[PDB]
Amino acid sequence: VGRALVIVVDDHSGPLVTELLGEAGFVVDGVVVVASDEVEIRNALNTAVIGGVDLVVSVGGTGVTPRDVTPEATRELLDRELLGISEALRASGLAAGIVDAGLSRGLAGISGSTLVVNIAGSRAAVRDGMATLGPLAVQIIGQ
């Protein structure tokens, strides 16, 4: 229980992430859409951390093509990394047969007091990714 922001990298994801975040027990302060620009994405994350949200979910920008800069945007902001979250989403993704989730370069970790998690872009990856993530997020905001 806390409050959370969504960041779509340009999607149908924003309303859906809002919904699943809602069911996980989160107030969704809003949806911010940004381009696959490392600076535009980093600016959006940093701004959110400073603003004191408990949780920031990004969606998209985690595949292999050079336009996919979500991870490297994110890494500058992380005080500590939570591979546990990255591994659980990827593991879960493959199991379900969702490959962009299986192969995601998304990070997870803590910036200030905020948990940041990068989820992959496809609808399947958002569903499976929130299902898995929501519990783990809850436990971490608990510190």
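Residue positions are given as counts along the sequence shown, with the first one as 1.
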Interresidue gap class [residue 10, residue 11; deposited sequence, unmodelled]:
4 to 9
Do the C-alpha atoms of 63-71 or of 108-116 have the higher average B factor in the entry?
63-71
Comparing C-alpha B-factors across 101, 49, 35, 85 in this entry, the winner is 35
Lowest, middle or highest third: where is residue 89 by Cα B-factor in its chain?
lowest
Record-listed C-alpha B factor of residue 77: chain third
middle
Residue 135: CA B-factor among chain residues, third -> middle
Please place residue 25 in the lowest, middle or highest third of its chain by C-alpha B factor as given in the entry.
middle
Taking the chain's C-alpha temperature factors as the reference, tell me which third residue 96 falls into: lowest, middle or highest.
highest
